[PDB]
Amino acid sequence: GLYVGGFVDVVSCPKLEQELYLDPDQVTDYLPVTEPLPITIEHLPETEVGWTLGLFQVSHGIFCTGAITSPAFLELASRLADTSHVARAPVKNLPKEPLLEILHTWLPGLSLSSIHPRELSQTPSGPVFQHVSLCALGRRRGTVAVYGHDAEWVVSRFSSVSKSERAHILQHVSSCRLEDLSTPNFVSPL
């Protein structure tokens, strides 16, 4: 049961032809988000690996905490972390927690999908946000994602997040269902 945390990049209509990164203040009026959004890989819909636990505007940007819950994904990633020379090649030698290091290295980016800013000028009809993706490429404003086994340790890793902000983030995290979160749809290509 893994947690992920970090500052996100906000991307409108990602993957499509007219993709556009957004200024955080273009969506901060629609934060915070406390209902769970799917966490996918690289904006691919059949790769749900978990669920967000909170998206909060904070001095320095928009912070995401999430839970990685897919058994198929966690088993695949942990197996690779323990047996794959390829997975371990770009990580420091002999790390204590290989799974956390491999995710921190290979999926450093958190990317929040939003509707186009034209819809954001005047009263959106429906949900502003669609998902958060763990991404191999495309990190700009976001921090490098931190993966851990407890949410407190994860949020702590960001000095750009004050004691108060960290208390607020953690408040909504503990109130979130953990075993009640629906099962994500990721299937192992192995």
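We call the rigid core whatever largest set of C-alpha positions still superposes within 1.5 Å between the two forms. A residue's number is simply how far along the shown sequence it sits, counting from 1.
Of the two stretches examined, 66 to 74 and 140 to 148, the one with higher mean CA deviation in 6 other deposited structures of this protein after a rigid core fit is 140 to 148. RMS Cα deviation from the shown model in 6 other deposited structures of this protein, rigid core fit, is larger for 173 to 181 than for the other stretch of the pair 21 to 29 / 173 to 181. 131 to 139 and 58 to 66 differ in mean CA B-factor, and the higher of the two is recorded for 58 to 66. Relative to its counterpart among 120 to 128 and 45 to 53, 120 to 128 has the higher mean temperature factor, C-alpha atoms as listed in the PDB entry. In this entry, the residue among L37, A151, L31, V146 with the greatest C-alpha B factor is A151. Per the deposited record, the Cα B-factor of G5 falls in the middle third when ranked against the other modelled residues of its chain.
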